[PDB]
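Enquirer: Sending over a structure as structure tokens; questions will come in a sec.
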Amino acid sequence: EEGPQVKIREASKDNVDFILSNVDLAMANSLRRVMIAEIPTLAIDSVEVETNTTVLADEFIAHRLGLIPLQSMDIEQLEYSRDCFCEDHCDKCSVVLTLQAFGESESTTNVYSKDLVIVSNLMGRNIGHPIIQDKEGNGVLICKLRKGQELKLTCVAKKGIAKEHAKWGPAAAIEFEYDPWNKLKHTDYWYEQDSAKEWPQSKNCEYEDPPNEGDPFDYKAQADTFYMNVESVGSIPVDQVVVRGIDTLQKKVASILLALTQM
Amino acid sequence: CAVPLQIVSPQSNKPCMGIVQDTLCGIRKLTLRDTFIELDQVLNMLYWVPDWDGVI
Amino acid sequence: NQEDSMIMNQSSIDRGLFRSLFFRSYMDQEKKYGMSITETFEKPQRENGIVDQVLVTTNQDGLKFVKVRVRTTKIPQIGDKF
Amino acid sequence: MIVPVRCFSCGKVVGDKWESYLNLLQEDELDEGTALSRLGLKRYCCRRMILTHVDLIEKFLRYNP
Amino acid sequence: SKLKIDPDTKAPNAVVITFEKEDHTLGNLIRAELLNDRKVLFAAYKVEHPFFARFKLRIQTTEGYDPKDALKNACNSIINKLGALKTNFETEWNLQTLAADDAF
Amino acid sequence: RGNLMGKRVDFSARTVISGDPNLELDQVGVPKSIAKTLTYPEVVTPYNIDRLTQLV
Amino acid sequence: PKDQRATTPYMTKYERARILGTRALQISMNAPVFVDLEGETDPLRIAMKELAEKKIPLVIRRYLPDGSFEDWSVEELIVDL
Amino acid sequence: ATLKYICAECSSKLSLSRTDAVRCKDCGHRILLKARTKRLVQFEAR
Ligand SMILES: [Zn+2]
Ligand SMILES: [Zn+2]
Ligand SMILES: [Zn+2]
């Protein structure tokens, strides 16, 4: 296409690194901000406690359960509770799971995510599954239990946005870098004697010809090229994260257009 | 007791208030000889001035 | 952050930074001596937190005593000290 | 207490490396830096969250009740 | 109610728009888009107060060119740019994933 | 000294302070809870009954 | 002793404040309005406008050390504050 | 009477009421631990 051009350098399950060109600065910054903020996903929100004979306090366990990653491919197929006409919660707008265990042996028992049990009807939608990136598949460590203890509770997760609160954070780190050679003179490097030796070279520096000392400043240059690297939390495939962010930004713009038409 | 009516305190013929902390530091860099502002930047800055008359 | 004040990453707080439990305890005595003095707390007829533990005992004198411990969750707020 | 679920700044999950991290410290008798590198914690903002953690729950569980 | 549009009084062909529940993410994008339109005489924004997601955008244009129409054109341009970006990125992801099918 | 030259008073508030560059000198941000606690016995008149009617 | 009053013909800041406040109080008490209501639902602003047009019917009794006094009409005075 | 109390220093329940003193029937202690409410508790993870 004639719009922004893309060139991926590396691609894994956790992070995607690529180069975005033929685009202004504002658009790239907006993409970064959106991927961080408005990426609708699922997360535990409501915690009901039956019993807690554990060391830790209830609210502590609820808070921790809030941040366990969850499967959210079909999150778009799920509806926000704030819009669902059901009281409290419903399968069409929420996912219910439970956590039950109790001390059995004198040794500590490590209550993990994999012990979380899906209860409500998924309607076949690929959502609600706790995400385990562990080598042993043990998953996140929810808590610990002694022999003469017991912990049972019910959790309800709802679709929400990281902007509202962190627990919906889908993307951990976004490396974002442009004009590594500082051709645009957007920066004045601090130095003691000479920046040319007192500053390390960015790994991306090898993707452009080093600037020539004998050339005058290009005062008309635009901050065109960009280098980005998104590390997903595992809740969504990285490419899906990029696609969803792009779609969400375009949808905000479309909503502004629709509001203008209504005006 | 309205704030402006005490801008000049009769204690020492000096206005007690003034620019301090980061705002003071920023001014020196801004008005410095080696400072220049690009068009896009100016328009945004101008709109911050609540009393701007609308003239570039 | 003009004066000594500070900017704190909001999302970082939500991920746990500087979260703090806060336990407080209340105690009360059922009544004074048994010398024709009477009072109790059996739900007579007509701060923020939750009940964590309720402990009932008695002094060496046989007067019943009650201790209540309640707990809450401090979530960093603008204006706190650091 | 116990391993926090997520890094405060990064948001990268760390509440799953505790077991393998302790293993590498003891089972493989490696230094902290090498082990952390093996876990993929390529940013100090996330390496910190494990390196500095103090595990107290081990001591709370000592109590019989 | 999300948007409010009003005419400025300090200059002609100038308007001020208030966006509720909105912030830099889209505001700076829209301003950068606007400043690429030749007929636009002036375009900028600001955020009155961090505590509120209130976004104020002022735009002045040449005669016979409604600033609202300029905003519509900027929105259309942004939408088309995003669409092209998504298409190219999807194709690039497919081609690179063919390799990543073995390396994840 | 303890009751006449000074004295405990009402219609008052006390709390911590903070900075706000985006606020005019003659302005001050007040916490909402306080604004819902202090009051003023405004008198009803023809020019304000409508607003007072709504406020009540 | 209205003849040869030895006090200044200008109006004092404290006098400005008290006159304005008192007139505002009367305005709030449904007292007679003396100028046009131009949307100034603020009684104090109404009093300010009245003072601007010298429509306030009041007189001040300034006191001297010995207890003697001078009476000055608000319309006599000069407002430069 | 009512499952109001638990015998500190032992998992056993006491479930005593008025005029039952505070002695633990199996431990002899003067320590009672109020039986936890059977009602459910709601928390908003955050
Ligand atoms: Zn539902
Ligand atoms: Zn980190
Ligand atoms: Zn016992």
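As shown in the structure tokens, the chain order sets the letters A, B, ...; within each chain, residues go from 1, and ligands are also counted from 1 in the order they appear.
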Identify, on the basis of only C-alpha atoms, every residue whose closest approach to residue 32 of chain D does not exceed 12 Å; exclude the query and any residue fewer than 3 positions from it along the same chain; express the result as a list in words.
Expert: residues 21, 22, 23, 24, 25, 26, 28, 29, 35, 36, 37, 38, 39, 41, 47, 48, 50, 51 and 52 of chain D
Enquirer: Just the selected residues (N, CA and C atoms), exported as a compact mmCIF listing (two decimals), in the first residue's frame, please.
Expert:
# COMPACT_ATOMS: atom_id res chain seq x y z
N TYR D 21 13.64 -20.31 39.44
CA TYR D 21 14.70 -19.41 39.86
C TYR D 21 15.45 -19.97 41.07
N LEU D 22 14.70 -20.39 42.10
CA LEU D 22 15.34 -21.03 43.24
C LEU D 22 16.08 -22.28 42.82
N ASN D 23 15.50 -23.05 41.89
CA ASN D 23 16.17 -24.24 41.38
C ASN D 23 17.53 -23.89 40.79
N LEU D 24 17.56 -22.93 39.87
CA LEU D 24 18.82 -22.55 39.24
C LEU D 24 19.81 -22.03 40.27
N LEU D 25 19.32 -21.30 41.27
CA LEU D 25 20.22 -20.84 42.33
C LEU D 25 20.84 -22.01 43.08
N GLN D 26 20.05 -23.03 43.41
CA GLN D 26 20.53 -24.16 44.19
C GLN D 26 20.85 -25.37 43.33
N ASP D 28 21.44 -25.64 40.08
CA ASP D 28 22.52 -25.37 39.14
C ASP D 28 23.62 -24.49 39.73
N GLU D 29 23.47 -24.03 40.97
CA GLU D 29 24.52 -23.32 41.68
C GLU D 29 25.09 -22.17 40.84
N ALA D 35 21.38 -16.71 36.20
CA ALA D 35 20.05 -17.29 36.31
C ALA D 35 18.99 -16.34 35.75
N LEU D 36 19.00 -15.09 36.22
CA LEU D 36 18.02 -14.13 35.74
C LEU D 36 18.08 -14.00 34.22
N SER D 37 19.29 -14.01 33.66
CA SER D 37 19.42 -13.96 32.21
C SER D 37 18.75 -15.16 31.56
N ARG D 38 18.93 -16.35 32.14
CA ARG D 38 18.28 -17.54 31.59
C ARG D 38 16.77 -17.43 31.63
N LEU D 39 16.21 -16.70 32.59
CA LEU D 39 14.76 -16.54 32.68
C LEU D 39 14.21 -15.56 31.66
N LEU D 41 14.67 -12.23 31.81
CA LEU D 41 14.47 -10.92 32.43
C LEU D 41 15.57 -10.00 31.92
N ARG D 47 14.17 -7.54 36.35
CA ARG D 47 15.13 -8.31 37.13
C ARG D 47 15.04 -7.95 38.61
N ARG D 48 14.89 -6.65 38.90
CA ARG D 48 14.76 -6.21 40.28
C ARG D 48 13.67 -6.98 41.01
N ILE D 50 12.44 -9.79 41.12
CA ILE D 50 12.85 -11.06 41.71
C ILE D 50 14.09 -10.89 42.57
N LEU D 51 15.13 -10.26 42.03
CA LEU D 51 16.42 -10.20 42.71
C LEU D 51 16.29 -9.68 44.14
N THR D 52 15.41 -8.70 44.35
CA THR D 52 15.30 -8.01 45.63
C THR D 52 14.22 -8.59 46.52
Enquirer: Need the shell around residue 247 of chain A: protein/DNA/RNA residues with any atom at most 10 Å away, counting only C-alpha atoms. Skip same-chain ones fewer than 5 positions apart. Format as a PyMOL selection string?
Expert: (chain A and resi 34+39+241-242+252-253) or (chain E and resi 79+82-83+86)
Enquirer: For chain G against chain F, which residues fall within 12 Å using only C-alpha atoms, given as number ranges by chain?
Expert: G: 24-31, 33, 37-43, 46
Enquirer: Around ligand 3, out to 9 Å and counting only C-alpha atoms and all ligand atoms, which residues are there? I want them as a ChimeraX atom specification.
Expert: /H:6-14,24-29,31-32
Enquirer: Neighbours of segment 16-29 of chain F within 7 Å (only C-alpha atoms; same-chain residues fewer than 3 positions away dropped), as a list in words?
Expert: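 The filter keeps residues 3 of chain B; 2 and 79 of chain C; 49 of chain E.
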Enquirer: Just the selected residues (C-alpha atoms), exported as an mmCIF file, in the first residue's frame, please.
Expert:
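Okay, this is what ended up in again36.cif:
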data_model
loop_
_atom_site.group_PDB
_atom_site.id
_atom_site.type_symbol
_atom_site.label_atom_id
_atom_site.label_comp_id
_atom_site.auth_asym_id
_atom_site.auth_seq_id
_atom_site.Cartn_x
_atom_site.Cartn_y
_atom_site.Cartn_z
ATOM 1 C CA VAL B 3 -4.363 37.684 46.149
ATOM 2 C CA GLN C 2 7.565 21.763 41.536
ATOM 3 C CA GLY C 79 -0.435 13.988 49.272
ATOM 4 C CA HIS E 49 -6.298 19.957 33.486
#
Enquirer: Please identify the residues whose atoms come within 9 Å of ligand 1, using only C-alpha atoms and all ligand atoms, and report them as a list in words.
Expert: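 What falls inside 9 Å of ligand 1 is residues 78, 79, 80, 81, 84, 85, 86, 87, 88, 89, 90, 91, 92, 93, 94, 95 and 158 of chain A.
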